[PDB]
Amino acid sequence: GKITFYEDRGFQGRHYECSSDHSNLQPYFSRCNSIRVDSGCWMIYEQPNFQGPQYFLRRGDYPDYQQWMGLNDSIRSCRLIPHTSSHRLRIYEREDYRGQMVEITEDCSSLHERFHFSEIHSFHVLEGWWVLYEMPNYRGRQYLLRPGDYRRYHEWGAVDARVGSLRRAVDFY
C-alpha cells in the first residue's frame, strides 16, 4: 500500500508519503486537504489511534476532503485495510442475529430495499473487511467492519442505528 497526504487542496504544499498504519500522523502534517492513493485500500480517521469519524479511500485522486466525504482537513491516523481471499457476511432483521437473514458476498447499494425485510439491526462478518455506510449509494457516516460479530450497532462504533449500504474493501493484485 502507498498513500500520500497533502496540506493544501489540489495536491499542493507539504506532503507525506505513507506505506503502513500510523496511529498518530500529527508529527507529519497539521492539516490534510488532498490525498492521492497509489495502492491499497485505506481507512483514515479524525483522531489518533483510529478513533473518531472514519473514511474509506481507494486508489486515485482526492483533490479535496469532500472527495472522501470528510468533515474537515483534520486527519490524525490511517489504516491500510488488510487483504483477504474472500468476503462473506450475514445481514439480520433483528439484533443478536434474530429475525430474517440473508448471506451476501457482494456490495449492496441499498440495505433497506434489496431484501425481503426492510429492518436491519445486526451483522455477522464471516470473511473479509467491509465498510458500512449510513446512507444508500455509499454515503453518510462510515464504519469499518473486520471479521467478527456485530450483534447490535454499538458493536460497530455507531451512536446511531442508521444504515444504508455495504461495500467490500478490495484492491487489485
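Neighbour counts are summed over all protein chains in view; Cβ atoms, including those assigned to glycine, are modelled from backbone coordinates with ideal geometry. Derivation of every value follows stated rules applied to the coordinates shown; laboratory data play no part.
Please label the shape of region 84-173 as rounded, prolate or oblate, based on the square roots a ≥ b ≥ c of the eigenvalues of the alpha-carbon gyration tensor (a/c under 1.5 means rounded; beyond that, a/b larger than b/c means prolate, else oblate).
rounded
What percentages, rounded to whole numbers, describe P(r) for the chain computed over all alpha carbon pairs with 5 Å bin width beginning at zero?
P(r) over the chain, rounded to whole percents: 2, 9, 17, 21, 18, 14, 10, 6, 3, 1, 0.
Between region 108-152 and region 20-89, how many Å separate their Cα centres?
Region 108-152 and region 20-89 have Cα centres separated by 20 Å.
Given a cut-off of under 8 Å on Cα pairs at least six residues apart, what relative contact order in percent is computed for region 1-83?
That works out to 33 percent.
Which order results if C41, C32, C18 are arranged by neighbouring Cβ count within 10 Å, fewest first?
Ordered by Cβ neighbours within 10 Å, fewest first: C18, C41, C32.
Do you know the relative contact order of region 22-61, to the nearest whole percent, from alpha carbon pairs under 8 angstrom that are 6+ apart?
Relative contact order, region 22-61: 41 percent.
Can you list residues whose amide H is under 5 Å from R141's amide H, if they're 5+ apart or on another chain and H is modeled 1.01 Å from N?
It is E134, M135, by chain and number.
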